[PDB]
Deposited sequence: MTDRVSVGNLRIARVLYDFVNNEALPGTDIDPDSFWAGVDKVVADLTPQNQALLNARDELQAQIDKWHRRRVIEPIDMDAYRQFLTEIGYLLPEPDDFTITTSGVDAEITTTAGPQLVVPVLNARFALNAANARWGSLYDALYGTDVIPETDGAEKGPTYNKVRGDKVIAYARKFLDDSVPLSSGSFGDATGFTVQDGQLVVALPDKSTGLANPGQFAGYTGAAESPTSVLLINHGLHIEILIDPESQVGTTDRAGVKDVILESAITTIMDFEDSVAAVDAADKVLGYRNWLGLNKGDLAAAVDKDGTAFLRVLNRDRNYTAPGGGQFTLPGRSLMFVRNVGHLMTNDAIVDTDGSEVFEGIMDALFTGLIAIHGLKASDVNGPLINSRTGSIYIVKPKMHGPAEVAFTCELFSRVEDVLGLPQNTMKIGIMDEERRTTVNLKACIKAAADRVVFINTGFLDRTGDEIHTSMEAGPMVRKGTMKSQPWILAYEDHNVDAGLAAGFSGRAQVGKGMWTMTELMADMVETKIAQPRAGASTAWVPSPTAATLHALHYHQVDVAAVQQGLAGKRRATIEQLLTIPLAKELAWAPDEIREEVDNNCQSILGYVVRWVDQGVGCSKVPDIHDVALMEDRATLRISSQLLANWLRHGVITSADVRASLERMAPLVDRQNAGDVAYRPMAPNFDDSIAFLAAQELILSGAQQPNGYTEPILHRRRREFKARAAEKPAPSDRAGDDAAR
């Protein structure tokens, strides 16, 4: 479909004209005229920034190569990085001015959920994860141990159930305490004189803090639920003395509901596999339907978005809390182009520019509640939140800002409607973080330590230095501990408190929920106002940490400190005279090869961009591209310095591959790699990301995955 200078695929063109544009008050002929111009005016920069990356990698590649056996002189390294304009200066103190942002980003501290947007089922559950059942999260997972004769099964178990009930009672005791007595003793709740009254065997009692009573449902004389609030997050006690769980409870408590996933990132990036116009539109569709509010998915059940929740207030008025997680959308970074719309010469258009345009325009519908726009509003303050990933340095951030500003003109939106959540997940950003924050000083809504892509850039940036530590050891290196702290320092010194989120990384062990409750608390304790979780269940559980830690306080306590030097940030995580025994090296390669084949096989064959892949210790892991980035990069490093040979990788890939078939054997759609490995696009793709990983730009895995999936798809219609 010829438009100005463009060949827009009809699948996109139809979608954008019929589905997306009506109701936006944007003239379809003008919209596409804006598109043409933006793409034209801004493609040079996009390539210029991308070229600037490759150059810097080569210079840094040169530098390490012409230096061996005489350990890194860290002052020459730092001077080198300044000479080439990698390590740009540090700007003067400032305060972000970003306005028009929702309370749930500026003020509320709680879990943030990230879901693949190509999956309507998970997306719906994600936006609905704002509110989650604490009973289901504890009963369903290993938080309540299955031992001591308390196993779960197809029939509800009292023994497990009472452990669940008890846990939650401790929680309520710990968070919204009774004046006197414990929740585990309650016999019923009432509301007298606009105050919560909790009946006990010995007395009746209010709350230690009457201001933690938020409201209720049903008759005051005997409510159906009681609504509480601690650290700005809501807790609901569901009452039904005639329920499966109710009749077993001293107060007839049915369930405790926690306000969990406050915000959700609807993901077009590492979570998903979209390599052409079709895929692209398919996820653009889901984003539109979330923003309209009408998105539905069949399961005899239809899954829709939750409506807002009504309550009676203490004094007696009716009010409304939001039923839905406030959505961001993660666009893709500055790297990839896409089939979707091409040049006359056949050059593809940058995917990132197109996301900004189509994702921006669609999000319009999520700011209003009309007939054309659909019933549910997302940002009640009038903002569009876009997570911008994999940015390298301040200039690339400024580019996103400029891109956003042109996408605002084209959409007729007021300037700065499009807010940017900034990933801190590339070295060049990490060492120039203050500068990145300044470049988006009027747009930024968060920073987040994407430790995973960050680990990826650490291996690739420093590819020629020598052998790296095994990936399990990365978590305790100088560079990563400084980067976490450094992120929080910079955010806080930019006045992020009350204005924007300081975000931390994802929990990848989806089955170790007992671990996550125990371990992840460290993030809020480190001052993170939000952090990333892999599921609504996880979100409900992470919620617990924000009831315990007072994040706002921790931020106040941390203000002004400087817990990281630039030497700590540039400390390269090298092996440095650590000789792994024969077994270890065979473990790392084996480990990494399973994680790769596990993820890539479902990527290239099934078009699935996020998967549960069990490792060589059989811990289920949530793998995506960032995890693939580490895995492949590390193996490349070990190859570049001959810890392994090319042959070593093959043999491991070859023995790991049949195993991933065994764990995938129950799938209807799955086609296995063994025994004929060389006639398997999947296998060959995994093999490319290792044997040619040293040559991918900044270690990114998109070039190969996109090309290999494009390949597979053609060899599927043919």
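Novice: Should a student be asked to find the unmodelled regions, what ranges of the deposited sequence would be the right answer here?
Specialist: Sequence ranges with no C-alpha atoms are 1-4, 304-308, 728-741.
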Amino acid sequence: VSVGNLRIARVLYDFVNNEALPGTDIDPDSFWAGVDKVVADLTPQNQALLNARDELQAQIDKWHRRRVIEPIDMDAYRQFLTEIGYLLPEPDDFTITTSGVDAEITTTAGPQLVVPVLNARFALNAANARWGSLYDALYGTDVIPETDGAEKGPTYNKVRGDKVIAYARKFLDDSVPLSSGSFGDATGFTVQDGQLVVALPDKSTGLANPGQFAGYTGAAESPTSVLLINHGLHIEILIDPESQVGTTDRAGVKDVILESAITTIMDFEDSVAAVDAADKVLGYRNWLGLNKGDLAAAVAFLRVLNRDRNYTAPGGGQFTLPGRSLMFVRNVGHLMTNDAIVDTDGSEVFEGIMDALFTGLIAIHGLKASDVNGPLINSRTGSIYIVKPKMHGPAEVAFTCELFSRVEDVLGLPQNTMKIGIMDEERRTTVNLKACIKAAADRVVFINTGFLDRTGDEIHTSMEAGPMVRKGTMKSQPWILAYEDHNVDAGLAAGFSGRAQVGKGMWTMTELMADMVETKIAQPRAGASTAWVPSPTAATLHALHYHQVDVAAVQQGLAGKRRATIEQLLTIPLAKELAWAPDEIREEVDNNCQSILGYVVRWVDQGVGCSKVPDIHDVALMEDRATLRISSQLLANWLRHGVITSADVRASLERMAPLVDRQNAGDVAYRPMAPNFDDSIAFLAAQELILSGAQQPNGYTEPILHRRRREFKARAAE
From here on, numbers count along this sequence of modelled residues.
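Novice: Name the higher of the two by mean Cα B-factor in the PDB entry, 461-469 versus 439-447.
Specialist: That would be 439-447.
Novice: Could you check the entry and say whether 287-295 or 103-111 has the higher mean CA B-factor?
Specialist: If you average the C-alpha B-factors of 287-295 and of 103-111, the larger mean comes out for 103-111.
Novice: Based on the PDB record, which member of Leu88, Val191, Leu481, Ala531 exhibits the highest Cα temperature factor?
Specialist: The listed residue with the largest C-alpha B-factor is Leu88.
Novice: Checking the record values for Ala493, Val332, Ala261, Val619, which has the greatest CA B factor?
Specialist: Comparing C-alpha B-factors across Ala493, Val332, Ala261, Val619, the top value belongs to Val619.
Novice: Just say lowest, middle or highest third for the CA B-factor of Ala278 relative to the other modelled residues in its chain.
Specialist: Bottom third by C-alpha B-factor.
Novice: Of the three thirds of its chain by CA temperature factor, lowest, middle or highest, which one includes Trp580?
Specialist: Answer is highest: the recorded C-alpha B-factor places it there.
Novice: Taking the entry's C-alpha B-factors for this chain, is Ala559 in the lowest, middle or highest third?
Specialist: Top third by C-alpha B-factor.
Novice: Taking the values exactly as deposited, rank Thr187 by C-alpha B-factor within its chain and report the matching third: lowest, middle or highest.
Specialist: Lowest third.
Novice: Quick one: classify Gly412 as lowest, middle or highest third of the chain based on its Cα B-factor.
Specialist: CA B-factor rank for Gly412: lowest third.
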